[PDB]
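# Examination of the molecular architecture
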Amino acid sequence: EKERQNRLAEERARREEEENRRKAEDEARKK
């Protein structure tokens, strides 16, 4: 269970950092 939950949690965090770098490069284009 913990293996599964941690795997899903890192998948979530990776998607989150994807969106963060994405908004970052968007703002960069606005610059």
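Just above, that's the structure.
Notes on the structure in this doc start here. (Residues numbered from 1 in each chain as written, not as in the entry; some residues may be left out. Part of a larger assembly, values for the part shown. Heavy atoms only, no water.)

### Here we look at the overall build of the chain
For clarity, the threshold we go by: A run of DSSP states H or I qualifies as a helix once it reaches four residues; a run of E qualifies as a strand once it reaches two. Both are numbered from the N-terminal end. Think of it in three bands: with a 1.4 Å probe and only protein chains considered, a residue is buried below 20% of the maximum accessible area for its type, exposed above 50%, and partly exposed in between. Computed by Shrake-Rupley with a 1.4 Å probe, the accessible areas treat only the displayed protein chains as cover when residues are assessed. Charge assignment in this entry is limited to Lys and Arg as positive and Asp and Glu as negative, and neither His nor the chain termini are counted. All charge positions are set by atom: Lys at NZ, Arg at CZ, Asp at CG, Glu at CD.
Scanning the chain from terminus to terminus reveals one helix and zero strands. Its C-alpha atoms give the chain principal-axis dimensions of about 45 × 5 × 5 Å. Looking at the chain as a whole, 3% of its 31 residues qualify as buried. If you sum the accessible surface of the chain, you get close to 3000 Å²; carbon and sulfur atoms cover 50% of it. Taken together, the 12 basic and 11 acidic charged side chains of the chain have centroids lying 2 Å from each other.

### Thoughts on the pattern of salt bridges
Side chains that carry opposite charge are capable of pairing whenever their charged atoms lie near each other. For clarity, the threshold we go by: We define a salt bridge as a side-chain nitrogen of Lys or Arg found within 4 Å of a carboxyl oxygen belonging to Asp or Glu.
This structure, assessed with the given rule, holds seven salt bridges. In this structure, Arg22 engages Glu19 in a salt bridge whose closest nitrogen and oxygen atoms are separated by 3.4 Å. Of this pair, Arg22 and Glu19 both sit in helix α1 (residues 2-30), three residues apart, which is roughly one turn of that helix. Taking the shortest distance from any N to any O, the salt bridge between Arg22 and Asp26 comes out at 3.0 Å. Separated by four residues within a single helix, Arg22 and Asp26 lie in helix α1, roughly one turn from each other. By relative accessible area, which is 31% here, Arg22 ends up partly exposed.

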